[PDB]
Number of protein chains: 2
Amino acid sequence: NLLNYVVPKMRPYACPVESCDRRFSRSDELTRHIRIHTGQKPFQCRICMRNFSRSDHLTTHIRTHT
Amino acid sequence: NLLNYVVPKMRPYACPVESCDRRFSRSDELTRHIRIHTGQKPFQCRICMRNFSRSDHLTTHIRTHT
DNA sequence: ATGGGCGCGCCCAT
DNA sequence: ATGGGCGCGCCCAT
Ligand SMILES: [Zn+2]
Ligand SMILES: [Zn+2]
Ligand SMILES: [Zn+2]
Ligand SMILES: [Zn+2]
């Protein structure tokens, strides 16, 4: 029955770096991880102008300025 | 050049229904979709007893009582 | 500080 | 209404 069907846990999103075996369930997850290798921090606090790799961690940090 | 890498768009989560050709990028998209085949409406409003197939839709509905 | 995992609920067309 | 797409933000270990 299709009532007992559970979507199989998968990791279709494989890290593009040949020497890295990480795979993820969601694409947004992989995109964040790739920043570990590139050292990219696309987010910035317009206050202290500090850069972050994740948007959530920046949001968290900005709420503390005042 | 890894710095220019962007995860290509894909849809690895396919509907198990043989007569359905739908594929999603995320599994939570597919878990929702399969309720179209089963007609399941799990989220019920405790104020009016009305049933919905999705929790985001119920959530918004719950607000029409206030 | 920052990463893996992923749920809640928005956008917007139906 | 109710479906596909998908981002914000939380949880909790790093
Ligand atoms: Zn990797
Ligand atoms: Zn700052
Ligand atoms: Zn289907
Ligand atoms: Zn109601």
Side-chain angles (χ1 to χ4, degrees):
Chain A
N1 211 198
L2 181 57
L3 275 185
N4 306 318
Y5 184 76
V6 264
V7 186
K9 290 217 129 174
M10 279 169 61
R11 278 162 189 284
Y13 298 88
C15 183
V17 169
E18 299 273 344
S19 36
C20 177
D21 71 349
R22 296 293 92 182
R23 301 183 73 103
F24 302 85
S25 287
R26 291 150 57 140
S27 156
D28 34 329
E29 279 169 10
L30 166 59
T31 296
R32 296 221 266 212
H33 164 97
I34 291 181
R35 277 186 212 118
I36 292 174
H37 311 312
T38 69
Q40 266 171 267
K41 295 167 185 299
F43 312 92
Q44 183 170 225
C45 159
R46 314 150 282 97
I47 301 164
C48 73
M49 304 239 288
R50 194 176 294 202
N51 299 228
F52 305 79
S53 66
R54 316 221 318 197
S55 179
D56 56 335
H57 296 325
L58 153 65
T59 290
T60 275
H61 158 104
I62 284 201
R63 283 166 201 200
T64 81
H65 268 300
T66 301
Chain B
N1 189 340
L2 185 64
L3 280 171
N4 294 339
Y5 188 95
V6 292
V7 187
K9 299 221 159 276
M10 48 178 291
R11 320 154 86 89
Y13 302 91
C15 178
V17 171
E18 267 299 85
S19 63
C20 192
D21 67 343
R22 277 210 158 286
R23 306 186 125 257
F24 304 93
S25 62
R26 288 151 61 141
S27 51
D28 54 331
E29 284 169 353
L30 176 73
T31 289
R32 265 184 337 193
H33 168 79
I34 305 186
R35 288 202 276 264
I36 278 163
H37 297 319
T38 60
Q40 275 195 29
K41 280 174 185 193
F43 322 95
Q44 181 188 103
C45 171
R46 54 193 285 92
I47 285 159
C48 65
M49 279 325 256
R50 167 144 185 205
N51 302 294
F52 310 76
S53 59
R54 279 158 56 140
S55 111
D56 63 324
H57 293 330
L58 156 64
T59 292
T60 58
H61 156 78
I62 292 288
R63 289 185 221 148
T64 64
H65 295 290
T66 68

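Naming: A, B, ... by sequence-line order, numbering from 1 per chain. Hydrogens, waters and symmetry mates play no part in the numbers below; they use all other heavy atoms, side chains included.
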Exercise for the section: Identify whether any heavy atom of A:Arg50 sits under 4.0 Å from a base atom; if not, whether one sits that close to sugar-phosphate; answer base, sugar-phosphate or nothing. Expected result: nothing
Completion exercise
Rounded to the nearest 0.5 angstrom, the OG1-CD1 distance for A:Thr64 and A:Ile47 is 8.0 Å
Completion exercise
Comparing A:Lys9 with A:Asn51, nearest DNA chain C nucleotide closer to 5' gives the residue A:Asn51
Problem - Side chain B:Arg54 and base D:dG4 donor-acceptor under 3.5 Å - result: yes
Handout entry: Atom pair distance, as rounded to whole Å: CE in B:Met10 and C1' in D:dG5
Key = 16 Å
Practice task
Give a yes/no on whether any side-chain N or O of B:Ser53 is located under 4.0 angstrom from OP1 or OP2 of D:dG3.
Solution key: yes
Exercise for the section: Could you state whether B:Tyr13 and B:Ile36 fall into the same hydrophobic cluster, counting links through intermediate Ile, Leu, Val, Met, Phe, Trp or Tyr residues with side-chain heavy atoms under 4.5 angstrom apart? Expected result: no
Practice task
Could you tell me whether B:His61 contacts a base, only the sugar-phosphate backbone, or nothing, with contacts defined as non-hydrogen atoms closer than 4.0 Å?
Solution key: nothing
Practice task
Kindly indicate whether the side chain of A:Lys41, heavy atoms from C-beta on, has any atom under 4.5 Å from the side chain of A:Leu58.
Solution key: no
Exercise for the section: Answer with yes or no whether B:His57 presents, from its side chain, a donor or acceptor under 3.5 Å of a partner atom in the base of C:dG9. Expected result: no
Handout entry: Nucleotide of D:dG3, C:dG9, C:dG4 approaching B:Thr59 most closely (side-chain heavy atoms)
Key = C:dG9
Practice task
Round to the nearest Å and state the distance from B:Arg22 atom CZ to D:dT2 atom P.
Solution key: 17 Å
Handout entry: Euclidean distance, atom CD1 of residue A:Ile62 to atom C1' of C:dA1 [Å, nearest integer]
Key = 16 Å
Exercise for the section: Among A:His37, A:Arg35, A:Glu29, find the one that has a side chain to side chain donor-acceptor pair (under 3.5 Å) with A:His33. Expected result: A:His37
Exercise for the section: Taking all heavy atoms of B:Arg23 and all of B:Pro12, pick out the closest pair and write down the distance. Expected result: NH1-CA, 3.6 Å
Problem - Side-chain donor/acceptor contact of B:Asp56 with base of C:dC10 under 3.5 Å - result: yes
Exercise for the section: Would you classify B:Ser25 as touching base, sugar-phosphate or nothing, given that sugar-phosphate means primed atoms plus P, OP1 and OP2, and contacts are heavy atoms under 4.0 Å? Expected result: sugar-phosphate
Completion exercise
Rounded to whole Å, CG of B:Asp21 lies from P of D:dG4 at a distance of 12 Å
Handout entry: Phosphate-side-chain proximity, A:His33 and C:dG4, N/O vs OP1/OP2 below 4.0 Å
Key = yes
Handout entry: Distance in Å, B:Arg32 CZ paired with B:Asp56 CG, rounded so as to fall on 0.5 Å steps
Key = 6.5 Å
Completion exercise
All heavy atoms of A:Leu30 vs all of A:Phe24, minimum pair found to be CA-CD1, 3.8 Å
Fill in the blank from the handout: In whole angstroms, the gap separating P of C:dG3 from CZ of A:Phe43 amounts to 11 Å
Problem - d(NE2, A:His37; P, C:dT2) in whole Å - result: 16 Å
Practice task
Please report, rounded to the nearest Å, how far the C1' atom of D:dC8 is from the CG atom of A:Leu58.
Solution key: 12 Å
Problem - Spacing of B:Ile34 atom CD1 relative to D:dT2 atom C1', expressed in whole Å - result: 17 Å
Practice task
Can you measure from CZ (A:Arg46) to SG (A:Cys48) and round to the nearest 0.5 angstrom?
Solution key: 10.0 Å
Practice task
Compare the minimum distances between each of D:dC6, C:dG4, D:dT2 and the side chain of B:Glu29, then state the nucleotide with the smallest one.
Solution key: D:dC6
Exercise for the section: Describe the nucleic acid contact of B:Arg26 in one word from base, sugar-phosphate, nothing, applying a heavy-atom distance below 4.0 Å. Expected result: base
Problem - N/O (side chain, B:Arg63) to phosphate O (OP1/OP2, C:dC10) under 4.0 Å - result: yes
Exercise for the section: First locate atom CD1 of A:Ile62, then atom CZ of A:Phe43, and finally report the distance between them rounded to the nearest 0.5 Å. Expected result: 11.5 Å
Practice task
Assign B:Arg35 to base, sugar-phosphate, or nothing according to its heavy-atom contacts below 4.0 angstrom with the strands shown.
Solution key: nothing
Exercise for the section: Using Watson-Crick or G-U wobble pairs with both distances under 3.5 Å, give me DNA chain D in dot-bracket, 5' to 3', with [ ] for crossers and | for pairs to another strand. Expected result: .||||||||||||.
Exercise for the section: Indicate, yes or no, whether a donor-acceptor pair under 3.5 Å links the base of C:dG5 to the side chain of A:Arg32. Expected result: yes
Practice task
Indicate, with a heavy-atom threshold strictly under 4.0 Å, whether B:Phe52 touches base, sugar-phosphate, or nothing.
Solution key: nothing
